[PDB]
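See below for the structure under consideration.
Counting starts at 1 for both ligands and their atoms, following the listed order. Quick note: numbers below take in every heavy atom, side chains included, and nothing from hydrogens, waters or symmetry partners. Residue numbering restarts at 1 for every chain, and letters A, B, ... go by the order of the sequence lines.
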Amino acid sequence: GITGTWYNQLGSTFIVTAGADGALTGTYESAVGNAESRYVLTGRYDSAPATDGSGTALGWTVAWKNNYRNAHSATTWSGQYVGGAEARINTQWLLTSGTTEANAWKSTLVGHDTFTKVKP
Amino acid sequence: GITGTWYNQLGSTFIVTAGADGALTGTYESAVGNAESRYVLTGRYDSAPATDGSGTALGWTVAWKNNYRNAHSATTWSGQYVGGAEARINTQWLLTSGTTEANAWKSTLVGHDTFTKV
Amino acid sequence: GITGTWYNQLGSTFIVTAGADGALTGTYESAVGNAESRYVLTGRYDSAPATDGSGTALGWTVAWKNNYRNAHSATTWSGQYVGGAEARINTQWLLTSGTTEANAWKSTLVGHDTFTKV
Amino acid sequence: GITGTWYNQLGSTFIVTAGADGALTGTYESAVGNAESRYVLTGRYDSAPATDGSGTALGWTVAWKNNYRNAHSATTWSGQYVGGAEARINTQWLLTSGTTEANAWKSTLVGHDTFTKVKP
Ligand SMILES: O=C(CCCC[C@@H]1SC[C@@H]2NC(=O)N[C@@H]21)NCCNC(=O)c1c(-c2ccccc2)cccc1-c1ccccc1
Ligand SMILES: O=C(CCCC[C@@H]1SC[C@@H]2NC(=O)N[C@@H]21)NCCNC(=O)c1c(-c2ccccc2)cccc1-c1ccccc1
Ligand SMILES: O=C(CCCC[C@@H]1SC[C@@H]2NC(=O)N[C@@H]21)NCCNC(=O)c1c(-c2ccccc2)cccc1-c1ccccc1
Ligand SMILES: O=C(CCCC[C@@H]1SC[C@@H]2NC(=O)N[C@@H]21)NCCNC(=O)c1c(-c2ccccc2)cccc1-c1ccccc1
């Protein structure tokens with residue numbers, strides 16, 4: 001299932017609990033960027049996915065403020081969980097920083113992360 | 001600041017409460033798509049933003065399942081709150097549906113919404 | 001239709017000619033970023049679009065090198081032309097810079113531009 | 001170099017010539033979607049990349065009309081070429097379909113493609 005400890009291709013660690021009714025709650029530790037230690041994450045997932053072999057839609061957010069650092073930014077990941085012998089969460093993400101209105105055009109990075117349960 | 005009722009350019013409704021710990025909680029009603037009634041949202045925001053004229057970074061997620069409908073999809077909005085009179089939240093979003101592996105290339109829509117506080 | 005001079009909400013300038021074969025060619029001048037003067041653009045559009053009220057799909061690219069400056073980056077705009085009086089091109093864009101492998105995660109910005117025909 | 005025949009992770013074929021002054025010109029055959037045979041592509045790349053080990057920025061567009069089909073849509077790929085023993089083009093893409101104004105919110109798919117010169 002979705003609940004567990006996941007790692008992306010950068011070595012970031014995503015520890016999450018999937019609640020029965022659709023909540024995602026956990027912590028995220030980024031291997032890159034202006035970040036140290038764990039950050040709070042929350043999100044949602046489809047708690048009754050289709051029964052046709054499709055993945056399970058989900059998303060979550062981290063605001064990059066914790067007890068140690070504040071990067072004045074937030075990332076959201078949107079994607080799907082694909083179960084099986086080697087489960088995956090395939091995502092695309094948007095990282096928005098707080099900017100002035102004049103710099104808003106350069107506020108948001110986009111990328112993609114693949115998560116597996118394999119510890120690097 | 002963030003706490004309140006917001007609408008976007010499609011006529012969708014966002015009711016949110018921003019907690020002291022950086023939490024966002026509330027409900028979302030979409031004017032479009034495979035959606036009816038309110039859906040749970042959850043997210044996070046920068047609870048100690050810069051005071052140099054920058055927006056406040058925030059994001060949230062809605063999974064499009066409630067007790068009335070399930071679209072097997074989820075949207076995340078990533079953006080920033082711009083306060084003052086005429087408060088706005090400017091976002092870009094990703095909407096992913098659950099797909100088979102063969103259809104995964106067409107799983108995700110992208111767009112942008114502007115929210116106005118009422 | 002598409003052929004002409006366009007501006008966006010940032011004050012950038014897009015001069016384009018749409019060819020019978022689906023080609024777009026022209027020049028772009030950005031109001032923002034690491035850019036000065038005109039840059040070559042090239043792209044494609046649907047030269048036989050639907051006539052049922054749909055926009056006309058199109059995209060183009062600018063690499064941010066000209067004979068005056070090089071920002072080691074490139075933007076692509078993907079969107080659709082909506083004709084008539086008050087013609088518009090509504091787009092979303094991806095701006096990728098050349099990076100080292102360690103910095104690749106932060107290579108690409110995303111945004112949206114609306115162009116108005118003059 | 002960039003000039004050559006590339007394949008993505010779906011098995012699509014990207015045949016391109018990189019002109020000396022920044023042009024990309026070629027053809028694209030998609031393994032998926034409403035597509036058959038080759039489609040014209042054009043784009044641009046940085047014809048004088050940095051000399052610090054960075055990739056080469058580039059982008060290109062395909063409108064999905066050819067002699068056989070018209071899907072009333074266009075894809076742009078934005079990314080970078082990374083040379084070496086196993087050269088790659090790493091991209092993110094936007095696929096916009098012509099829609100009514102009311103359906104514009106659902107006009108654009110986003111994804112990512114990785115290209116290599118290895119024929120599947
Ligand atoms: O670095 C972070 C937090 C960690 C992000 C980690 C990302 S989440 C998507 C991806 N997946 C993963 O596991 N890790 C990465 N936030 C960006 C904060 N922005 C700046 O510091 C900044 C930047 C910038 C932007 C992106 C990446 C690196 C640097 C550039 C210019 C200005 C700023 C800036 C300055 C003042 C206030 C706010 C932002
Ligand atoms: O419609 C929704 C839920 C509501 C989204 C509203 C969006 S959120 C971003 C934006 N902002 C806002 O306020 N409203 C919109 N989700 C997409 C569900 N997808 C499908 O049913 C689907 C579609 C499709 C695409 C767009 C709109 C409607 C339907 C196309 C092909 C296949 C599917 C599909 C089939 C089976 C299972 C899952 C998806
Ligand atoms: O500024 C440009 C060229 C002009 C883009 C204009 C954009 S196109 C989408 C939008 N629409 C429009 O009309 N104008 C804007 N390219 C980015 C170059 N990147 C860097 O120099 C860079 C940056 C950065 C990010 C945003 C703006 C300015 C600079 C941040 C970190 C590192 C780099 C960097 C360093 C070395 C080599 C390449 C990139
Ligand atoms: O399928 C294509 C062309 C081929 C795209 C291949 C993509 S390019 C990004 C990726 N990389 C790659 O190598 N292959 C894929 N265009 C989409 C045309 N849209 C529709 O037919 C359509 C769809 C839809 C959207 C995306 C994918 C599949 C289907 C859904 C609803 C309505 C339409 C539609 C109807 C009438 C007119 C236009 C669009």
### Query
side-chain contact (heavy atoms from CB on, under 4.5 Å) with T108(C): which of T96(C), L95(C), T99(C)?
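Single pass found, and it is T96(C).
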
### Query
Under 30°, 30 to 60°, or over 60°: which ring-plane class applies to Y39(C) and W64(C), parallel, tilted or perpendicular?
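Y39(C) vs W64(C) ring planes: perpendicular.
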
### Query
Between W93(C) and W105(A), what is the ring plane arrangement, given parallel below 30°, perpendicular above 60°, and tilted in between?
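If you compare the ring of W93(C) with that of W105(A), the planes turn out tilted.
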
### Donor-acceptor side-chain pairing of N34(A) and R69(A) below 3.5 angstrom
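Side-chain D/A pair, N34(A) to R69(A): present.
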
### Task
Would you tell me whether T76(C) and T76(D) have side-chain atoms, one donor and one acceptor, within less than 3.5 Å of each other?
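There is such a pair (donor and acceptor under 3.5 Å, judged by atom type) between the side chains of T76(C) and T76(D).
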
Enumerate the pairs of nitrogen or oxygen atoms, one from ligand 2 and one from the protein, separated by less than 3.5 angstrom; state names and distance to 0.1 Å.
residue, atom, partner, partner atom, Å
ligand 2, 1 (O), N34(B), N, 2.8
ligand 2, 11 (N), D113(B), OD2, 2.8
ligand 2, 13 (O), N8(B), ND2, 3.0
ligand 2, 13 (O), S12(B), OG, 2.7
ligand 2, 13 (O), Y28(B), OH, 2.7
ligand 2, 14 (N), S30(B), OG, 3.0
ligand 2, 16 (N), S73(B), OG, 2.9
ligand 2, 19 (N), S97(B), OG, 3.4

### Query
Taking everything shown except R88(C) itself, do over 12 heavy atoms lie less than 6.0 Å from its CZ?
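Atom CZ in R88(C) is packed in, count exceeds 12.
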
